[PDB]
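Heads up, what comes next is one protein chain in two forms, each shown on its own as structure tokens, labelled structure 1 and structure 2.
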Structure 1
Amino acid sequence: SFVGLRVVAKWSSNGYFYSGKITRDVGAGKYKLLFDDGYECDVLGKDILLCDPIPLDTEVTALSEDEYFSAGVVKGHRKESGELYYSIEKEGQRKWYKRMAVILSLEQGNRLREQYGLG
């Protein structure tokens, strides 16, 4: 049911949500997640957003070219060769970011939980 779905999920109380996919429901409200960067761990369902792609006008945190993460707003997405890219605006300028370069702060992800949270 949720297995194989793309999600954004955090693994600590006050942590950031990172993109990945669910690989298993392990019960006790936990799910095994494979994050896109290769990290695998069990995460609480309350900490999973079943949101893919992240919707337009969501405030996110994105890794720019210069290797700083900072806040921006999603303005579009595109799928190419099976990879997803987001068009994100920062300080008035849009650039294209790989999916795995886009994360959510606690506050940013909490804004999505009512609509998209698991459970």
Structure 2
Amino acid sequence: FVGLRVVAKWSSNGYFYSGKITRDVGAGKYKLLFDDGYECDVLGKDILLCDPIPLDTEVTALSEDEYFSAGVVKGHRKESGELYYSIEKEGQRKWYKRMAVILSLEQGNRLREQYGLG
């Protein structure tokens, strides 16, 4: 799974963030380089093998002035080599960059069976 882009749990807070597996560190763990530059060891069970976050996934969308809310991925777009998510909330859609989309513990848990490593 080394070099693959994933969505993984940051241990200290239960949230799942996009990043890449850089190394297999053994004991069921892998080194992760997160898209924000942070690094840590994550257990295979806490790594979802999906890039991009799939359509119809319930996510946490991050706005300006630290505001965040739940919504559903209804689109993917590529623009100048960057990924954007079209997130639906109360029948309307807004575009969010890859760095503005995360999963809560419960939202991530929902993808474990189909996308988890373990």
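Residue indices: 1-based, along structure 1. Definition used throughout: the rigid core is the maximal C-alpha set that superposes within 1.5 Å between two forms.
**Student:** Would you say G38 moves between structure 1 and structure 2, meaning its CA shifts by 2 Å or more once the core is fitted?
**Tutor:** For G38, whose C-alpha is compared between structure 1 and structure 2 after core superposition, the shift is less than 2 Å.
**Student:** Relative to the superposed rigid core, does the CA atom of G27 travel 2 Å or more between structure 1 and structure 2?
**Tutor:** No.
**Student:** So, with the core fitted, how far does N14 move at its Cα between structure 1 and structure 2, in angstrom?
**Tutor:** Residue shift at the C-alpha: 6.0 Å.
**Student:** Taking the rigid core as the frame of reference, how far in Å is the Cα of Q93 displaced between structure 1 and structure 2?
**Tutor:** A shift of 2.0 Å at the C-alpha.
**Student:** What is the Cα shift of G82 between structure 1 and structure 2 once the core is superposed, in angstrom?
**Tutor:** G82 is displaced by 2.6 Å at its C-alpha.
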